[PDB]
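Working notes, structure below.
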Amino acid sequence: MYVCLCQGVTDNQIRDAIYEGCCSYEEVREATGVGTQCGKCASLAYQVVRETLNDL
Ligand code: FES
């Protein structure tokens with residue numbers, strides 16, 4: 001699903017960044033651009049990051 005429409009980031013793309021070593025929401029933002037242009041997606045993006053990290 002889409003997480004971030006401003007940057008076109010999907011939940012799979014967030015997981016891809018974590019599977020390449022990102023270990024925090026901030027690093028996922030650095031790798032994907034999620035949440036950089038407005039406030040709408042931050043809550044969802046953080047939840048996807050946390051669920052993904054907890055499953056590793
Ligand atoms: S929807 Fe993600 S930065 Fe705007």
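For ligands, and for the atoms within them, numbers begin at 1 and follow the listed sequence. Residue numbers start at 1 and run along the sequence shown.
No side-chain donor-acceptor contact under 3.5 Å links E51 to the backbone of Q47.
Scanning both residues, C22 and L53, for their nearest heavy atoms gives O-CD2, 3.9 Å.
Atom numbering of ligand 1 starts at 1 in the shown order; those under 4.0 Å from a heavy atom of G35 are 2 (Fe), 3 (S). In summary, the atoms of ligand 1 found under 4.0 Å from a heavy atom of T36, numbered by their order in the structure, are 3 (S). Near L5, meaning under 4.0 Å from one of its heavy atoms, ligand 1 places the atoms 1 (S). Of all atoms in ligand 1, listed by their number and element, those nearer than 4.0 Å to a heavy atom of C41 are 1 (S), 2 (Fe), 3 (S).
Taking 4.5 Å as the limit, some side-chain heavy atom of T36 sits within range of a side-chain heavy atom of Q7. The side-chain heavy atoms of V34 and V3, taken from C-beta on, include a pair separated by under 4.5 Å.
Atom CG in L44 sits 7.0 Å away from atom CD1 in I14 (nearest 0.5 Å). Rounding to the nearest 0.5 Å gives a distance of 8.0 Å between CG of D16 and CD of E20.
The distance from atom 2 (Fe) of ligand 1 to the nearest N/O/S atom of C38 is not under 2.8 Å. Among the backbone and side-chain atoms of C6, none of the N, O or S atoms lies under 2.8 Å from atom 2 (Fe) of ligand 1.
Using a 4.0 angstrom heavy-atom cutoff, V34 does not count as in contact with ligand 1.
Contact annotation for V9 and ligand 1: no heavy atom of the residue comes within less than 4.0 Å of the ligand.
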